[PDB]
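Residue-level listing of the chains:
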Amino acid sequence: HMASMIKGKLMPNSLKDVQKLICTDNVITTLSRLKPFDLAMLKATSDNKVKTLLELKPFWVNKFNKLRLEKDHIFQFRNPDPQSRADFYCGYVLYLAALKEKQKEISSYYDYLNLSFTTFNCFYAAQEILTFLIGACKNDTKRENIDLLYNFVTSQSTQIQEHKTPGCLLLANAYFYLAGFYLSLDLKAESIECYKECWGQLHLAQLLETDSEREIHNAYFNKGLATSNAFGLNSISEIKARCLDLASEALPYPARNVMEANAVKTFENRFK
Amino acid sequence: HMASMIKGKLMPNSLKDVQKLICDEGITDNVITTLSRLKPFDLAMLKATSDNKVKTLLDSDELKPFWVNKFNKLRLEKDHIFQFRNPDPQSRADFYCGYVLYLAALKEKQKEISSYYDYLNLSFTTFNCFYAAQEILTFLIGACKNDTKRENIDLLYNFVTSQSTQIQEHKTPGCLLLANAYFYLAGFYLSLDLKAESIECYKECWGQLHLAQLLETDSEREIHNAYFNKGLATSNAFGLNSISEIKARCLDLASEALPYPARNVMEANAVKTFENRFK
């Protein structure tokens, strides 16, 4: 039973001393040779008074700039906007670790992905979570499987729109698949509400594109938008055009206008 | 599958409406009166499961007379005269919602588990509610009384160690809570002949007891709230009323593990932790 009470509440005990040592200048050298997983778990799994290791900023700038993509030695991450380099570093490290446990231990795939997403709002943890949930709903197409993915999508929208354009394209992604899920299950009123819902994310990403050059650079590893959407298209206008083209009956002119108005409303107030 | 991917709870749908009303109109005599009419559970999960613009409205200044009025209403069912005291350094709101979710956890304790876990965990992790910590530790300790395996004991040990510093935010009661767990850890290892681990938790238990002494005179409000103004007797397995009695009894029981030099090292470490982090 103990496993069910303790879910995500265990700091590797190799970090007890560093958390004690922290809660200076010798820390800077203690912190500097934990392996990247342990550093990310220290910031992810500490009292909230130690989590304010947000003075140590040159430490994170050096670690952030050593972040590479194994698949492209040319690529280098750009300033992660509003989020700290510490949080982009630690979220991305935990994301990679989750993929490494992907097929050897699933209970760490969940836990690390959850830490990556919930603690540091890492975009890749969001994209990985959504892809797995969509996969779960591809196989088991029941209405309370779709409703669960739907309910997760709506609860995490606002936090996922902190990545602007990629977040909104990610969110438009989930709504499009939700819409196709409800349709096949003959729940056409809800199929419509997610097609309109997907149009609104597409338009808000559209409004935010010019302010998310760095977000798009990091989100797609400087490869553009092709992998942000199931159509492999390179521009949002191609995404909308193909999308309306598939869902014309669910996206009437006024329907597209309500969502576009609401999308402008969030850009109006919540952004800049 | 999905339930394991979406580990903790999600925002309840009754609150998506109140979430809009708050995201448009700031703290309004309108908002303040919708919130006052929400159920205590729904208010607490609203503060626990909202985005950052509702969590910084709820935390705003203008809703603070709201939370103070709600906090003075908090009452003990079986005690008709207990007043909670200011949980400072903590918010009145966070003490309210963490305590509300804790009570919500107990009402689910025997009707549906895993609502016991989720609410208990939210209470502890999101609001660092002392009572959720005590319930969790009591359950983990209970799990090892029934299942005295080295792998359960290590699980309890590693949890106690990972949550040590957060629990000490409760100052004197928090340290007594940890001293209890370390004491039970010490006896579990001893029964299994893991005498190096038994000695190591007796020393940890002495250090928590001594830090409790240093923080006691500074923890009048925490002690008031932690034990519902009934004193320290329920903070320790002996039902004793003072930390000095607790230390004396503990030293009697763990003599061979708490010789003079060992106790002196642990007390020294406690003095450093008190001086650096507390006074």
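Along each chain, residues carry numbers from 1 upward in sequence order, and these need not match the entry's numbering; residues missing coordinates do not appear. Both sets of labels track the order of writing: A upward for chains, 1 upward for ligands. Side-chain measures were taken over the full set of non-hydrogen atoms in the model, leaving aside hydrogen atoms and water. Residues with missing side-chain atoms are left out of burial classes, side-chain pairs and their counts.

Per the PDB entry, the recorded name for chain B is effector Lpg2505, and the organism is Legionella pneumophila.

Per the PDB entry, chain A goes by effector Lpg2505 and derives from Legionella pneumophila.

Residues and elements named next belong to chain A. Its domain assignment divides chain A into domain 1 (1–121) and domain 2 (123–272). In this document the domain limits rely on a domain assignment from an automatic tool or a database. Using only C-alpha atoms to locate each centre, domain 1 and domain 2 end up separated by 28 Å. Between domain 1 and domain 2, a total of about 2,000 Å² is buried, with carbon and sulfur atoms accounting for 59% of that surface. For any pair of parts, buried area is found by adding up, for both, the accessible area (1.4 Å probe) each one loses once the two are put together. When the area that domain 1 buries against domain 2 is broken down by residue, the three leading residues are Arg-78, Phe-117 and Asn-121, summing to 36%. Any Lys or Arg side-chain nitrogen found within 4 Å of a carboxyl oxygen on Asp or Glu counts as a salt bridge. Counting every contact that joins domain 1 to domain 2 gives five salt bridges. When the shortest N-O distance is used, the salt bridge between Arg-214 and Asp-81 registers 2.6 Å. In the analysis that follows, any N or O atom pair within 3.5 Å is treated as a polar contact, provided that within protein one partner can donate a hydrogen and the other can accept it, and provided that, for residues neighboring in sequence, both atoms belong to side chains. Put simply, domain 1 and domain 2 have 13 residue pairs in polar contact between them.

Time to look at the packing of helix α10 (residues 164–184) of chain A against helix α11 (residues 188–208) of chain A. Residues and elements named next belong to chain A. Working convention: axes come from line fits to C-alpha atoms, limited for helices to the stretch in contact. Angles between N-to-C directions cover 0 to 180 degrees. Each helix is a run of DSSP H or I of at least 4 residues and each strand a run of E of at least 2, with the numbering of both proceeding from the N terminus. Taken N-terminus to C-terminus, the directions of α10 and α11 make an angle of 165°; their axes are 8 Å apart at the nearest point. The orientation of α10 relative to α11 falls into the category roughly antiparallel. Regarding α10 and α11, the two cross each other, and that crossing is left-handed. A per-class count over the contact of α10 with α11 returns 17 nonpolar, four polar and four charged. Oblique is the label for any angle not under 35 degrees, not over 145, and not in the 65 to 115 range, which are roughly parallel, roughly antiparallel and roughly perpendicular in turn. A crossing counts as left-handed when the near helix is turned anticlockwise from the far one by less than a right angle, and as right-handed when that turn is clockwise. Basically, the charged four are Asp, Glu, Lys and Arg, the nonpolar ten are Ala, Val, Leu, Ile, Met, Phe, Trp, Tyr, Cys and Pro, and anything else, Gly included, counts as polar.

One recurring pattern in soluble globular proteins: nonpolar side chains tend to sit buried together. Residues and elements named next belong to chain B. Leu-35 and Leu-46 are the most contacted members of the largest nonpolar core, which has 98 residues in total. Sorting elements by how many residues they give to this core places helix α12 (residues 171–191) first, with twelve residues. Here, two residues are considered to be in contact whenever any of their heavy atoms come within 4.5 Å of each other. When residues no more than four places from it in sequence are discounted, the contact partners of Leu-35 are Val-18, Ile-22, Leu-43, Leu-46, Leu-58, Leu-63, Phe-66 and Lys-70. Within this scheme, the nonpolar core is defined by two criteria: the residues are buried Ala, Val, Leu, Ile, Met, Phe, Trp, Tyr or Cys, and they are joined through side-chain atoms within 4.5 Å. Accessible area is worked out with a 1.4 Å probe on protein chains only. A residue is then buried under 20% of its type maximum, exposed over 50%, and partly exposed in between.

Here the focus is the packing of aromatic side chains. Residue and element names in this part refer to chain A. Only rings of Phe, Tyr and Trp enter the pairing, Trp through its six-membered ring, and a pair is recorded when the two centres are within 6.5 Å. The plane angle decides the type: under 30 degrees is stacked, over 60 is edge-to-face, the rest tilted. Considering all chains together, one arrives at 51 aromatic pairs over all chains under this definition. Taken together, the ring pairs connect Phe-64, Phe-75, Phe-77, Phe-88, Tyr-92, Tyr-95, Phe-123, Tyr-124, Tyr-220 and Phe-221 into an aromatic cluster. Throughout this description, the term charge over a ring refers to an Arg CZ or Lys NZ atom that lies within 6 Å of the ring centre and within 35 degrees of the ring normal. Across the ring face of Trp-199, the terminal group of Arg-256 is positioned such that the distance to the ring centre comes to 6.0 Å.

This part is about the interface of chain A and chain B. Contacts between the two partners involve 37 residues from chain A, matched on the other side by 36 residues from chain B. Both faces combined, the contact of chain A with chain B buries some 3,300 Å², and carbon together with sulfur accounts for 68% of it. Sorting the residues of chain A by area buried against chain B places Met-2, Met-5 and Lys-9 of chain A first, and these three jointly supply 26% of that buried surface. Linking chain A with chain B are five residue pairs in polar contact. Those elements giving two or more residues to the side of chain A that touches chain B turn out to be α1 (2–5), α2 (16–22), α7 (106–120), α8 (123–139) and α9 (143–160) of chain A. Of all the elements, α9 of chain A adds the most residues to the side of chain A that touches chain B, at nine residues. A class-by-class count of the residues in the side of chain A that touches chain B yields 18 nonpolar, 13 polar and six charged.

In this section: the pattern of salt bridges. A full pass over the atoms with the stated rule returns 19 salt bridges over all chains. For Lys-223 of chain A, the salt bridge goes to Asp-72 of chain A, with nearest N and O atoms at 3.4 Å. Of this pair, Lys-223 of chain A sits in the loop between α12 (213–219) and α13 (236–246) while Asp-72 of chain A sits in the loop between α5 (57–65) and α6 (85–100), and the two are 151 residues apart along the sequence. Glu-197 of chain B is the salt-bridge partner of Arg-150 of chain B, the closest N and O atoms lying 3.5 Å from each other. Taken together, the residues span a long stretch of sequence, with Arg-150 of chain B in helix α10 (residues 150–162) and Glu-197 of chain B in helix α13 (residues 195–216) at a distance of 47 residues. Judged by its relative accessible area of 38%, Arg-150 of chain B is partly exposed. The partly exposed category is assigned to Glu-197 of chain B, whose relative accessible area is 26%.

Let us look at the environment of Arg-263 of chain B. All names here are of chain B. Within the secondary structure, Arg-263 sits in helix α16 (residues 260–277). Put simply, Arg-263 and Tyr-189 are 74 residues apart on the chain and 19 Å apart in space, counted from C-alpha to C-alpha. Beyond its immediate stretch of four places on either side in the chain, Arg-263 contacts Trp-206, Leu-251 and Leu-258. Engagement of the side chain of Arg-263 in a polar contact is seen with the backbone oxygen of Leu-258, the distance being 2.9 Å.

The next subject is α9 of chain A. Across its 18 residues, α9 of chain A extends 24 Å between first and last C-alpha, which sits within 8% of the 26 Å expected from 1.5 Å per residue. Note that the bend at a residue is defined as the angle between axes fitted to the seven residues ending at it and the seven residues starting at it. Of all the bends in α9 of chain A, the largest measures some 30° and sits at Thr-154 of chain A. Along α9 of chain A, the residues classified as buried are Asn-145, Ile-146, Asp-147, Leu-149, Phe-152, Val-153, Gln-156, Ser-157 and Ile-160 of chain A. The secondary structure elements touched by the buried residues of α9 of chain A are α7, α8 and α10 of chain A together with α1 (2–5) of chain B. Helix span, as expected, comes to 1.5 Å for every residue beyond the first.

Residues and elements named next belong to chain B. The domain boundaries assigned to chain B delineate domain 1 (1–127) and domain 2 (130–279). Computed over C-alpha atoms, the centres of domain 1 and domain 2 are 29 Å apart. Each partner contributes residues to the interface: domain 1 has 19 residues there, and domain 2 has 16 residues. Taking both sides of the interface into account, the surface hidden between domain 1 and domain 2 amounts to around 1,600 Å²; carbon and sulfur atoms contribute 67%. When the buried surface of domain 1 facing domain 2 is broken down by residue, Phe-82, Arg-85 and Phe-124 rank first, second and third, together holding 41% of it. At the surface where domain 1 touches domain 2, the tally comes to one salt bridge.

With omega at 10°, the peptide bond leading from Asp-88 of chain B into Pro-89 of chain B counts as cis. Tracing the backbone shows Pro-89 of chain B in the loop between α6 (64–71) and α7 (92–107). One non-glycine residue, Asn-121 of chain A, lies in the positive phi region at around 50°. When its relative accessible area of 13% is taken as the criterion, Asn-121 of chain A is described as buried. Positive phi is not limited to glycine here, since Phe-228 of chain B has a value of about 50°. Within the fold, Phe-228 of chain B resides in the loop between α14 (220–226) and α15 (243–253).

Now for the side chain of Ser-164 of chain B. All names here are of chain B. Along the chain, the position of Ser-164 falls in helix α11 (residues 164–167). Judged by relative accessible area, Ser-164 falls into the buried class, the value being 11%. If we ignore the near neighbours within four places in the chain, the residues touching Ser-164 are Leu-178, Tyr-182 and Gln-208.

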